[PDB]
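Residue numbers (PDB author numbering), protein chains in the order written: chain B, 5 to 259; chain D, 18 to 81, 81A, 83 to 259; chain A, 6 to 259; chain C, 17 to 259.
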């Protein structure tokens, strides 16, 4: 298999090294060679990082300058920047005052107000870097499915659309963080059955109560609990679509 | 014989359709732009017994070629459509070989190696998607599990949602408000009254438009299963187009 | 490289078996290996175990004897390959094909003068790779021991396997010896006593002096560690296993 | 820029790449011919930046012209070209205050050429990773101090040295020499001179002296528990390799 010198095709300029690390990370390559490339760029050891992505406000060069300056002004010294289609993605090393919300606020003006903007969670090491860049890429590709997107879009806002695009990270989160959390450890717990039944029956409290032989208030209470544990409120049309998707993922995976 | 067939099967199931695969298929006797279809399900008794029953059933129907493989608990068979070998007739002949207590799928007829791969893969994805539905048809309908197949990575299910649902809904002309109405209706969780209020139109106008959409697409936004299918299609179309 | 690239135009089950074997032996557990195993008839999260040793007469003879034995026991699939002087067989466990019975059945086909190993039952391609590799590494490690058991015990050659690069052996030392003994208590009297004892080369006197306790206090703590881990630090072999585990744990935990 | 080239060469060497491409890169950095070099590694006392600065200043003051500096995990590693007064102990003494006193420090032997440079950096990395195993680490750690633990981590240089410089040296060319048998028996019998002597029908003192001879040829003294562990490891490596 190709070594880091093969990958570099004789180049030693950091622009090429950066673009190469960017493409490796975006394409899910997290092996030692990528660790070496990030090493060369200055990303030492088990670093923390996060990503911001969107469409440049005026130009790619202008946005890149703005982002490097903002990272510098906040006490950081590493940010890997690359383009993907019309999108510019930036992976910042979390150090000094470079933290996600503050960094996102500082660079927002360099991104078009007329296009989606996404801020990733903090992730660790090269594998996290790849994760941050990919969830950012998939979120931006998924954003058009959303009627009224937050700005910036954050976190798990686009799970089902990301899953539809083939994002393994989104499938896994729907399985682990929604479906499996709903199920819990106790199989006699009624929450999962109640959410499932509620969705099946048109998001009707009355029909769910009728189906399950419980008081409507009891269904209400269970849905609220499921909202607390998963972050998704079945009574909200957007969240209900997310939950429905999670149940499909879970059922296909477990049977 | 058997070994080459199993290798061809893996290649097809894993979406390898390049000339090396064509050449394997040539060796097996599948020539040119052949027609084929697939059938899949859980064996009534055993994988070996079901394989045999399918081979024999196809042979008796004048067929000479079948490629049989496994995916998890499922037996998947690709049959070359020759002689009296047709999908429905073949399916009927082999149903005893598949358990009544598990899903079953019969693909449409497809052509060539690309077609063979599609037939086997849509069969795998359909069987895999089935647990998502409470009471699926037997055999599973081709249009029954599109969002679920898409979620698994079935690119043909994505395309079908795009072409047969989203683009059909959107139509030739931008002025037609049927699409906007369905879009808005889904956004508001299939609330007739909230949709009429939001669009500033009469609720009857909303009902009429939803019925039109149900007629042209085959999906009724007032049914929660169909609403999910529609919502999936709009997402796919919006991500693809803009 | 896809499965066809790996095959290099071969479509014979013999080359396919050899390729699957080599992938497993080199710790490749990805989709292509799953497909290769698919092709050989190994579907899903199967159970399997491995047997390995030096053939009593010939590879061909031992292979024939193994395939016969497995079939007579009602088994369908056995992947057989060779590494150096060793023959390794991976059997699908089903019907009456279970590890001890199978091992007993095929013992006559392996040299008495050479080590023999039977793996635990494991599952899936990852399990198959693990079983074949622990078998390889155990056979390679055996010469380090003067009179090992036959077959070799799963826990008998951990440091030596680890020295050869066997990551499962490192893991097992870390989890089953080091962690079991230390927990979150570097200051637990037993752990501290074992640690100090080894540091002083198993000298009861020097250890008691260093810890400022009575020798009998050192003795019962070592006895506890022995009962807890199965390793008795007063035995030079066991002491070497314990020392290796402590090094592994320390390097890993910081 | 220069920093980039240097970090690239560092990564190649650390990753055991010693091919013509790497040789050429080192040549461009100014490392030419069959140069002598050594490595020092540890944890920066204050920061990566300031430790690097202090190392380069020390090497400059000592009359040296070339140092390649990189990181592994929390470690800073420096490869120095041996020239002027840039020699291992002097250089180590000059740069030691730049490394944390609460963390291990390692100084490699002198090595030759690009292959030697790669060897020096890797034995340094592995030794630093292995250091926590040691109860009473010297400062700096040196040379072959961590052989068995390095072998446990998969360092091929350690496995090779255990076989070549320890196990093979014990055996020598003469099967009439009792060194190997004595070391072997002594370890087997729990480092008991009395029981070893009883087994070999020899006086305890003869056993002791034979072990001291082994210490002369290999540097490892079986009467010391640390060294006994190292020797036990070398026997295992050797026995596995010769069958």
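Backbone N, C-alpha and C define an ideal beta-carbon position, used for all residues, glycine too.
Proximity to residue 169(D) across 171(B), 159(B), 147(B), 152(B) peaks at 171(B), based on C-alpha coordinates. The stretch 34-45 of chain C and the stretch 100-115 of chain C do not touch, with fewer than three beta-carbon pairs separated by less than 8 angstroms. Take the alpha-carbon of residue 232(D) and the one of residue 68(D): they are about 41 angstroms apart.
Following the DSSP letters along the chain, one finds residue 58(B) inside the beta strand (DSSP E) bounded by residues 52-58. Listed along the chain, the chain D residues whose CB falls inside 8 angstroms of the CB of residue 204(B) are 151, 241. In the three-state scheme derived from DSSP, where H, G and I count as helix and E and B as strand, residue 110(C) is classed as helix. Shown here, residue 218(B) sits in coil according to DSSP, grouped into three states, outside any helix or strand. Taking 8 angstroms as the upper bound for CB-CB distance, residue 29(B) and residue 38(B) are in contact here, some 7 angstroms apart. In the DSSP annotation of this structure, residue 159(C) is not part of any beta strand (DSSP E), being labelled neither H nor E.
By the 16-neighbour rule on beta-carbons within 10 angstroms, residue 156(C) is buried.
Below the 7 angstroms Cβ cutoff, chain B contributes no neighbours of residue 139(D), its closest Cβ being approximately 15 angstroms away. Taking 8 angstroms as the cut-off, the beta carbon of residue 215(D) is found closer than this to the beta carbon of residue 201(D). Closest option to residue 120(A), judged by alpha-carbon separation, among 60(A), 74(A), 130(A): 60(A).
Here residue 147(B) is near residue 153(B), since their CB atoms are less than 8 angstroms apart.
In the DSSP assignment, residue 92(A) falls within the beta strand (DSSP E) that extends over 91-97. Counting only Cβ-Cβ distances below 8 angstroms, residue 169(C) has contacts in chain A at 256, in chain order.
Residue 130(B) has its alpha-carbon roughly 41 angstroms from the corresponding atom of residue 161(D).
At least 8 angstroms separates the CB of residue 34(C) from every CB of chain A. When the Cα atoms are used, residue 141(C) and residue 164(A) turn out to be separated by approximately 22 angstroms.
Look at residue 128(B) here: in three-state DSSP terms it is strand. Non-local beta-carbon contacts of residue 205(D) in its own chain, meaning distances under 6 angstroms to residues more than five positions away in sequence, involve 211, 212 in chain order. When 9 angstroms is used as the limit between beta carbons, residue 87(D) is near these residues of chain A: 43, 46, 48, 49, in chain order.
For residue 166(C), the closest of 52(C), 246(C), 35(C) by C-alpha to C-alpha distance is 246(C). Nothing from the stretch 50-67 of chain D brings a Cβ to less than 7 angstroms from some Cβ of chain A. Taking a cut-off of 8 angstroms on C-beta distances, the stretch 50-57 of chain A touches the stretch 88-97 of chain A, as three or more cross pairs fall below it. The alpha carbon of residue 85(C) has as its nearest neighbour, out of 26(C), 104(C), 117(C), 51(C), the alpha carbon of 26(C). Taking the Cβ atoms as the reference, residue 136(A) lies roughly 4 angstroms from residue 124(A), within the contact range of under 8 angstroms.
Per the DSSP secondary-structure output, residue 19(C) pairs with nothing in a beta bridge. In this chain, residue 254(C) is not harboured by any beta strand (DSSP E); it is covered by the alpha helix (DSSP H) spanning 241-257. The beta carbon of residue 245(B) falls within 8 angstroms of a beta carbon belonging to chain D, placing the residue at that interface. For residue 220(A), the number of other beta carbons within 10 angstroms of its own is below 16, and it is reported as exposed. Taking 7 angstroms as the cut-off between beta carbons, none of the residues of the stretch 22-33 of chain A comes near chain D. Interface criterion met: the Cβ of residue 16(B) is under 8 angstroms from a Cβ in chain C. The straight-line gap separating the alpha-carbon atoms of residue 191(A) and residue 18(C) is approximately 46 angstroms. The beta carbon of residue 20(C) sits closer than 8 angstroms to some beta carbon of chain B. Apart from the 5 residues on each side of it in sequence, residue 227(C) sits with its Cβ closer than 8 angstroms to the Cβ of 198, 199, 202, 237, 238, 239 in its chain, given in chain order.
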